[PDB]
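Source file my_file_22.txt; content: compact mmCIF, N, CA and C atoms and all ligand atoms.
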```txt
# COMPACT_ATOMS: atom_id res chain seq x y z
N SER A 342 17.76 -14.79 8.64
CA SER A 342 16.57 -13.78 8.28
C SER A 342 16.26 -13.11 9.63
N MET A 343 15.15 -12.36 9.55
CA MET A 343 14.57 -11.65 10.69
C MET A 343 13.30 -12.39 11.05
N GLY A 344 13.66 -13.57 11.50
CA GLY A 344 13.20 -14.74 11.11
C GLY A 344 11.70 -14.90 11.03
N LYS A 345 11.09 -14.76 12.17
CA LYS A 345 9.65 -14.98 12.16
C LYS A 345 8.90 -13.92 11.32
N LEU A 346 9.32 -12.67 11.41
CA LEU A 346 8.76 -11.62 10.57
C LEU A 346 8.92 -11.99 9.11
N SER A 347 10.11 -12.45 8.75
CA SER A 347 10.41 -12.78 7.40
C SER A 347 9.52 -13.93 6.95
N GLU A 348 9.38 -14.95 7.77
CA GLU A 348 8.48 -16.10 7.51
C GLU A 348 7.03 -15.63 7.25
N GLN A 349 6.57 -14.75 8.12
CA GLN A 349 5.20 -14.29 7.99
C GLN A 349 5.00 -13.41 6.78
N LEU A 350 6.01 -12.62 6.38
CA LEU A 350 5.91 -11.89 5.14
C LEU A 350 5.90 -12.81 3.95
N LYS A 351 6.66 -13.91 3.99
CA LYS A 351 6.54 -14.90 2.88
C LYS A 351 5.11 -15.54 2.80
N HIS A 352 4.56 -15.78 4.01
CA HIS A 352 3.21 -16.31 4.08
C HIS A 352 2.24 -15.28 3.42
N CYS A 353 2.40 -14.02 3.75
CA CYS A 353 1.61 -12.96 3.10
C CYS A 353 1.79 -12.92 1.62
N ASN A 354 3.01 -13.13 1.14
CA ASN A 354 3.25 -13.13 -0.26
C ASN A 354 2.43 -14.24 -0.96
N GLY A 355 2.30 -15.40 -0.31
CA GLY A 355 1.47 -16.46 -0.87
C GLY A 355 -0.01 -16.10 -0.89
N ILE A 356 -0.46 -15.41 0.17
CA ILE A 356 -1.85 -14.93 0.19
C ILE A 356 -2.09 -13.98 -0.99
N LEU A 357 -1.18 -13.07 -1.21
CA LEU A 357 -1.30 -12.13 -2.31
C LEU A 357 -1.35 -12.87 -3.65
N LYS A 358 -0.44 -13.84 -3.83
CA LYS A 358 -0.47 -14.66 -5.06
C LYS A 358 -1.84 -15.27 -5.21
N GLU A 359 -2.39 -15.85 -4.15
CA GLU A 359 -3.70 -16.44 -4.27
C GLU A 359 -4.75 -15.38 -4.69
N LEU A 360 -4.74 -14.23 -4.04
CA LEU A 360 -5.75 -13.21 -4.38
C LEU A 360 -5.69 -12.78 -5.84
N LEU A 361 -4.49 -12.81 -6.44
CA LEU A 361 -4.24 -12.45 -7.83
C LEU A 361 -4.47 -13.60 -8.84
N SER A 362 -4.74 -14.81 -8.32
CA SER A 362 -4.74 -16.00 -9.14
C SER A 362 -6.09 -16.24 -9.83
N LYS A 363 -6.05 -17.06 -10.86
CA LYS A 363 -7.24 -17.29 -11.67
C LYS A 363 -8.41 -17.78 -10.86
N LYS A 364 -8.17 -18.56 -9.80
CA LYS A 364 -9.28 -19.14 -9.05
C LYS A 364 -10.21 -18.08 -8.45
N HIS A 365 -9.72 -16.86 -8.17
CA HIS A 365 -10.55 -15.82 -7.61
C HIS A 365 -10.87 -14.71 -8.60
N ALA A 366 -10.50 -14.87 -9.86
CA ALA A 366 -10.58 -13.75 -10.81
C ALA A 366 -11.97 -13.27 -11.08
N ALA A 367 -13.00 -14.08 -10.91
CA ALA A 367 -14.35 -13.65 -11.22
C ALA A 367 -14.79 -12.49 -10.37
N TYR A 368 -14.27 -12.38 -9.15
CA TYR A 368 -14.61 -11.30 -8.23
C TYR A 368 -13.39 -10.44 -7.88
N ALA A 369 -12.16 -10.89 -8.10
CA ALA A 369 -11.00 -10.12 -7.72
C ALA A 369 -10.61 -9.07 -8.75
N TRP A 370 -11.02 -9.23 -10.00
CA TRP A 370 -10.43 -8.42 -11.04
C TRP A 370 -10.59 -6.90 -10.85
N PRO A 371 -11.62 -6.37 -10.20
CA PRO A 371 -11.66 -4.89 -10.02
C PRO A 371 -10.53 -4.38 -9.15
N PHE A 372 -9.91 -5.27 -8.37
CA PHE A 372 -8.89 -4.92 -7.40
C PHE A 372 -7.49 -5.10 -7.94
N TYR A 373 -7.33 -5.46 -9.24
CA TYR A 373 -6.03 -5.74 -9.81
C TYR A 373 -5.19 -4.50 -10.07
N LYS A 374 -5.80 -3.36 -10.31
CA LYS A 374 -5.09 -2.11 -10.61
C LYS A 374 -5.74 -0.98 -9.87
N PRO A 375 -5.06 0.16 -9.73
CA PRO A 375 -5.71 1.29 -9.08
C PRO A 375 -7.02 1.65 -9.75
N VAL A 376 -7.98 2.05 -8.95
CA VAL A 376 -9.24 2.59 -9.47
C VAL A 376 -8.87 3.76 -10.42
N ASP A 377 -9.41 3.68 -11.65
CA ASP A 377 -9.18 4.74 -12.69
C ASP A 377 -10.39 5.65 -12.65
N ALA A 378 -10.35 6.62 -11.74
CA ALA A 378 -11.49 7.45 -11.51
C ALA A 378 -11.92 8.24 -12.76
N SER A 379 -10.98 8.68 -13.55
CA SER A 379 -11.26 9.44 -14.79
C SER A 379 -12.06 8.58 -15.78
N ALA A 380 -11.58 7.34 -15.97
CA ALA A 380 -12.23 6.47 -16.91
C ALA A 380 -13.61 6.07 -16.46
N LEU A 381 -13.78 5.85 -15.17
CA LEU A 381 -15.04 5.41 -14.61
C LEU A 381 -16.02 6.57 -14.45
N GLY A 382 -15.55 7.81 -14.49
CA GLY A 382 -16.35 8.95 -14.25
C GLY A 382 -16.59 9.27 -12.79
N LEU A 383 -15.76 8.78 -11.90
CA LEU A 383 -15.92 9.02 -10.46
C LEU A 383 -15.19 10.29 -10.11
N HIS A 384 -15.84 11.42 -10.43
CA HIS A 384 -15.16 12.72 -10.42
C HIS A 384 -14.71 13.12 -9.07
N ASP A 385 -15.36 12.53 -8.00
CA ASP A 385 -15.09 12.84 -6.63
C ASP A 385 -14.34 11.73 -5.89
N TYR A 386 -13.85 10.72 -6.57
CA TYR A 386 -13.26 9.55 -5.92
C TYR A 386 -12.13 10.00 -5.01
N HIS A 387 -11.21 10.77 -5.55
CA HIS A 387 -10.01 11.14 -4.82
C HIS A 387 -10.29 12.22 -3.76
N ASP A 388 -11.42 12.87 -3.81
CA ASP A 388 -11.87 13.73 -2.74
C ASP A 388 -12.39 12.93 -1.51
N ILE A 389 -12.96 11.76 -1.76
CA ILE A 389 -13.51 10.96 -0.70
C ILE A 389 -12.49 9.91 -0.21
N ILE A 390 -11.71 9.34 -1.09
CA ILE A 390 -10.73 8.29 -0.82
C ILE A 390 -9.35 8.93 -0.81
N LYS A 391 -8.83 9.19 0.38
CA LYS A 391 -7.58 9.85 0.56
C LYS A 391 -6.39 8.99 0.29
N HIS A 392 -6.53 7.66 0.47
CA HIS A 392 -5.43 6.73 0.37
C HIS A 392 -5.84 5.52 -0.44
N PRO A 393 -5.84 5.66 -1.78
CA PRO A 393 -6.21 4.55 -2.68
C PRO A 393 -5.30 3.37 -2.43
N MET A 394 -5.83 2.17 -2.64
CA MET A 394 -5.04 0.95 -2.56
C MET A 394 -5.65 -0.09 -3.47
N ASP A 395 -4.81 -1.02 -3.96
CA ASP A 395 -5.21 -2.08 -4.86
C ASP A 395 -4.14 -3.17 -4.78
N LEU A 396 -4.43 -4.32 -5.36
CA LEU A 396 -3.51 -5.46 -5.21
C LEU A 396 -2.19 -5.22 -5.92
N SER A 397 -2.13 -4.51 -7.04
CA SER A 397 -0.85 -4.27 -7.69
C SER A 397 0.07 -3.43 -6.83
N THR A 398 -0.52 -2.51 -6.07
CA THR A 398 0.25 -1.64 -5.17
C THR A 398 0.75 -2.43 -3.97
N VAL A 399 -0.11 -3.30 -3.41
CA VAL A 399 0.34 -4.21 -2.35
C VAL A 399 1.53 -5.02 -2.84
N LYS A 400 1.44 -5.56 -4.05
CA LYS A 400 2.53 -6.34 -4.64
C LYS A 400 3.81 -5.53 -4.74
N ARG A 401 3.71 -4.31 -5.25
CA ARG A 401 4.87 -3.45 -5.38
C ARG A 401 5.51 -3.21 -4.00
N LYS A 402 4.70 -2.91 -3.01
CA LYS A 402 5.20 -2.63 -1.67
C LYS A 402 5.83 -3.83 -1.05
N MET A 403 5.26 -5.02 -1.23
CA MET A 403 5.83 -6.28 -0.73
C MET A 403 7.19 -6.46 -1.30
N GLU A 404 7.27 -6.34 -2.59
CA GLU A 404 8.53 -6.57 -3.29
C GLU A 404 9.59 -5.59 -2.95
N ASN A 405 9.20 -4.35 -2.63
CA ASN A 405 10.10 -3.25 -2.26
C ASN A 405 10.39 -3.21 -0.76
N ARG A 406 9.95 -4.22 0.00
CA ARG A 406 10.23 -4.30 1.45
C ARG A 406 9.67 -3.13 2.20
N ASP A 407 8.50 -2.61 1.77
CA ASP A 407 7.91 -1.51 2.45
C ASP A 407 7.03 -1.86 3.61
N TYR A 408 6.70 -3.16 3.79
CA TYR A 408 5.96 -3.61 4.97
C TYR A 408 6.90 -4.15 6.04
N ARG A 409 6.69 -3.70 7.26
CA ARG A 409 7.48 -4.24 8.35
C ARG A 409 7.20 -5.71 8.62
N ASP A 410 5.91 -6.05 8.45
CA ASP A 410 5.36 -7.26 9.00
C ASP A 410 4.03 -7.58 8.39
N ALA A 411 3.50 -8.73 8.75
CA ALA A 411 2.23 -9.19 8.20
C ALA A 411 1.09 -8.23 8.55
N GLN A 412 1.13 -7.61 9.70
CA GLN A 412 0.06 -6.70 10.08
C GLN A 412 -0.01 -5.52 9.16
N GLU A 413 1.12 -4.99 8.73
CA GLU A 413 1.11 -3.83 7.81
C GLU A 413 0.59 -4.24 6.45
N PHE A 414 0.97 -5.44 5.97
CA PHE A 414 0.40 -6.00 4.76
C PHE A 414 -1.12 -6.10 4.87
N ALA A 415 -1.61 -6.68 5.96
CA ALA A 415 -3.03 -6.84 6.14
C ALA A 415 -3.75 -5.49 6.18
N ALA A 416 -3.14 -4.50 6.81
CA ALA A 416 -3.74 -3.17 6.87
C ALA A 416 -3.94 -2.63 5.47
N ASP A 417 -3.02 -2.81 4.53
CA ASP A 417 -3.21 -2.32 3.19
C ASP A 417 -4.28 -3.10 2.45
N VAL A 418 -4.34 -4.44 2.62
CA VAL A 418 -5.41 -5.18 2.00
C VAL A 418 -6.76 -4.72 2.50
N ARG A 419 -6.85 -4.53 3.80
CA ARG A 419 -8.09 -4.02 4.39
C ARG A 419 -8.42 -2.59 3.97
N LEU A 420 -7.40 -1.76 3.75
CA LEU A 420 -7.60 -0.40 3.26
C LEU A 420 -8.23 -0.46 1.87
N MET A 421 -7.75 -1.36 1.00
CA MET A 421 -8.35 -1.55 -0.28
C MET A 421 -9.83 -1.84 -0.20
N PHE A 422 -10.21 -2.80 0.67
CA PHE A 422 -11.59 -3.13 0.85
C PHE A 422 -12.37 -2.00 1.47
N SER A 423 -11.85 -1.39 2.52
CA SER A 423 -12.52 -0.29 3.19
C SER A 423 -12.75 0.88 2.26
N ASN A 424 -11.84 1.21 1.37
CA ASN A 424 -12.06 2.28 0.43
C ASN A 424 -13.28 1.98 -0.44
N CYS A 425 -13.39 0.72 -0.88
CA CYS A 425 -14.54 0.28 -1.65
C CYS A 425 -15.82 0.46 -0.91
N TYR A 426 -15.86 0.03 0.35
CA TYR A 426 -17.06 0.20 1.15
C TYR A 426 -17.37 1.69 1.44
N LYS A 427 -16.30 2.47 1.59
CA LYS A 427 -16.47 3.90 1.91
C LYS A 427 -17.13 4.63 0.75
N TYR A 428 -16.64 4.40 -0.44
CA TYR A 428 -17.04 5.24 -1.59
C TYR A 428 -18.41 4.84 -2.14
N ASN A 429 -18.71 3.52 -2.15
CA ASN A 429 -19.79 3.01 -2.95
C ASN A 429 -21.06 2.79 -2.17
N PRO A 430 -22.18 2.81 -2.83
CA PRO A 430 -23.41 2.32 -2.18
C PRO A 430 -23.40 0.83 -1.85
N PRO A 431 -24.16 0.43 -0.77
CA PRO A 431 -24.04 -0.95 -0.32
C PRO A 431 -24.51 -1.96 -1.30
N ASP A 432 -25.37 -1.55 -2.23
CA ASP A 432 -25.94 -2.51 -3.22
C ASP A 432 -25.11 -2.64 -4.52
N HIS A 433 -24.00 -1.94 -4.56
CA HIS A 433 -23.27 -1.91 -5.81
C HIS A 433 -22.58 -3.27 -6.01
N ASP A 434 -22.48 -3.68 -7.26
CA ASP A 434 -21.74 -4.89 -7.63
C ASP A 434 -20.35 -4.93 -7.01
N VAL A 435 -19.63 -3.83 -7.02
CA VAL A 435 -18.22 -3.88 -6.60
C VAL A 435 -18.10 -4.15 -5.11
N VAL A 436 -19.09 -3.69 -4.33
CA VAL A 436 -19.12 -3.97 -2.92
C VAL A 436 -19.32 -5.46 -2.64
N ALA A 437 -20.20 -6.07 -3.38
CA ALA A 437 -20.41 -7.52 -3.26
C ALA A 437 -19.16 -8.25 -3.62
N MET A 438 -18.49 -7.84 -4.69
CA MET A 438 -17.24 -8.49 -5.11
C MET A 438 -16.16 -8.34 -4.06
N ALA A 439 -16.06 -7.13 -3.49
CA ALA A 439 -15.12 -6.87 -2.40
C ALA A 439 -15.37 -7.83 -1.23
N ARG A 440 -16.61 -8.00 -0.82
CA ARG A 440 -16.92 -8.92 0.30
C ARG A 440 -16.53 -10.30 0.00
N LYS A 441 -16.81 -10.74 -1.22
CA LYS A 441 -16.48 -12.11 -1.63
C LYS A 441 -14.97 -12.33 -1.60
N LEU A 442 -14.19 -11.37 -2.08
CA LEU A 442 -12.75 -11.49 -2.00
C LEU A 442 -12.25 -11.37 -0.58
N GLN A 443 -12.87 -10.48 0.20
CA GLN A 443 -12.44 -10.28 1.57
C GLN A 443 -12.66 -11.56 2.39
N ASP A 444 -13.71 -12.27 2.14
CA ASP A 444 -13.88 -13.35 3.01
C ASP A 444 -12.75 -14.44 2.66
N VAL A 445 -12.23 -14.55 1.40
CA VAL A 445 -11.02 -15.36 1.09
C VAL A 445 -9.85 -14.83 1.85
N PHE A 446 -9.56 -13.52 1.74
CA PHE A 446 -8.46 -12.96 2.42
C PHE A 446 -8.48 -13.22 3.92
N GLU A 447 -9.61 -12.91 4.55
CA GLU A 447 -9.67 -13.02 6.00
C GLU A 447 -9.50 -14.47 6.42
N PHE A 448 -10.06 -15.41 5.68
CA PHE A 448 -9.87 -16.82 6.07
C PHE A 448 -8.43 -17.24 5.95
N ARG A 449 -7.76 -16.88 4.85
CA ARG A 449 -6.35 -17.27 4.68
C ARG A 449 -5.51 -16.59 5.72
N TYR A 450 -5.69 -15.29 5.96
CA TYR A 450 -4.88 -14.57 6.89
C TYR A 450 -5.07 -15.10 8.30
N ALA A 451 -6.28 -15.48 8.65
CA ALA A 451 -6.55 -15.98 9.99
C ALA A 451 -5.84 -17.29 10.27
N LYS A 452 -5.54 -18.08 9.24
CA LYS A 452 -4.87 -19.38 9.40
C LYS A 452 -3.39 -19.23 9.64
N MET A 453 -2.83 -18.08 9.46
CA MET A 453 -1.37 -17.79 9.77
C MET A 453 -1.20 -17.97 11.24
N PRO A 454 -0.26 -18.79 11.67
CA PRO A 454 -0.03 -18.89 13.09
C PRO A 454 0.55 -17.61 13.70
N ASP A 455 0.30 -17.36 14.99
CA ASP A 455 0.73 -16.18 15.68
C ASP A 455 2.24 -16.23 15.67
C1 LIG A 501 -12.99 -1.56 -12.62
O1 LIG A 501 -12.60 -1.59 -11.23
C2 LIG A 501 -13.34 -0.90 -10.36
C3 LIG A 501 -12.89 -0.93 -9.04
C4 LIG A 501 -13.55 -0.24 -8.07
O2 LIG A 501 -13.19 -0.30 -6.74
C5 LIG A 501 -12.18 -1.26 -6.39
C6 LIG A 501 -14.71 0.54 -8.36
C7 LIG A 501 -15.41 1.34 -7.42
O3 LIG A 501 -15.07 1.57 -6.25
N1 LIG A 501 -16.57 1.94 -7.88
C8 LIG A 501 -16.98 1.87 -9.18
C9 LIG A 501 -18.20 2.64 -9.57
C10 LIG A 501 -18.39 2.90 -10.94
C11 LIG A 501 -19.45 3.68 -11.38
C12 LIG A 501 -19.66 3.98 -12.80
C13 LIG A 501 -20.34 4.12 -10.43
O4 LIG A 501 -21.43 4.89 -10.80
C14 LIG A 501 -21.13 6.29 -10.94
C15 LIG A 501 -22.33 7.04 -11.48
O5 LIG A 501 -23.32 6.93 -10.52
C16 LIG A 501 -20.18 3.85 -9.05
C17 LIG A 501 -21.20 4.33 -8.04
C18 LIG A 501 -19.11 3.04 -8.70
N2 LIG A 501 -16.33 1.18 -10.09
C19 LIG A 501 -15.16 0.48 -9.72
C20 LIG A 501 -14.48 -0.20 -10.69
```
Step by step, read the file and then write its structure as structure tokens.
Amino acid sequence: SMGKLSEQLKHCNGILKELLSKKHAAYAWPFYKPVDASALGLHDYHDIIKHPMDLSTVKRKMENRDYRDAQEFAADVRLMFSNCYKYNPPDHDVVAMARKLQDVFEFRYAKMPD
């Protein structure tokens, strides 16, 4: 393999599986598919959020070898969360859910050895 990079991408793949898993579903589910701005009525979503991201897209990119390394994977997970914080008011339910999921992500990702 390309060894350590490859190892760390496998580690990321496990983090992604965890984020998608039933144990986190109570707060992760808004992040399972792209934001459907039409259905939600967010007429300006794509005007404010230039680079949408969600866990299904992270999964697709992982599987398609589009990430060089764990840092690029993490950047997309963080982009997903940051888009949520960017678009929404701080008191919104989805922002709270994003934080709750982010603190799982950040703890798991931080445990990856350098
Ligand atoms: C169903 O999944 C989602 C995922 C989302 O982000 C990951 C969002 C999201 O970022 N904002 C909203 C959202 C929905 C409505 C109806 C809102 O009121 C618009 C009228 O004032 C606002 C402020 C946010 N819904 C999501 C749903």
Worksheet entry | Close residues to ligand LIG 501 (chain A) using all atoms listed in the file, limit 8 Å, as a PyMOL selection string | chain A and resi 370-377+380-384+394-395+421-422+424-430+433-436+439
Discussion item. Given only C-alpha atoms as the basis, pick out the residue of A:449, A:409, A:441, A:345 nearest to residue A:357.
Written reply: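 Answer, going by the shortest atom-to-atom distance: A:449.
Residue nearest residue A:450 within the list A:369, A:402, A:342, A:415: A:415 [criterion: smallest interatomic distance, only N, CA and C atoms].
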Discussion item. So, with all atoms listed in the file as the atoms that count, which of A:355, A:349, A:398, A:389 lies closest to residue A:454?
Written reply: A:349
Worksheet item: Rounded to one decimal in Å, what is the spacing between atom C of residue A:437 and atom C of residue A:379?
Response: 21.9 Å
Practice prompt. Figure out the distance between atom N of residue A:350 and atom C of residue A:410, please, to one decimal in Å.
Written response: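 According to the coordinates, atom C of residue A:410 and atom N of residue A:350 are separated by 5.8 Å.
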Discussion item. Restricting the calculation to only C-alpha atoms: of A:387, A:453, A:447, A:420, which residue gets closest to residue A:348?
Written reply: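 Looking at the shortest contact to residue A:348, the residue is A:453.
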Worksheet item: At what distance in Å, to one decimal, does atom N of residue A:343 lie from atom C of residue A:419?
Response: 26.1 Å
Fill in: Which residue of A:390, A:438, A:356, A:432 approaches residue A:418 most closely, using only C-alpha atoms
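Looking only at the distances to residue A:418, the closest residue turns out to be A:356.
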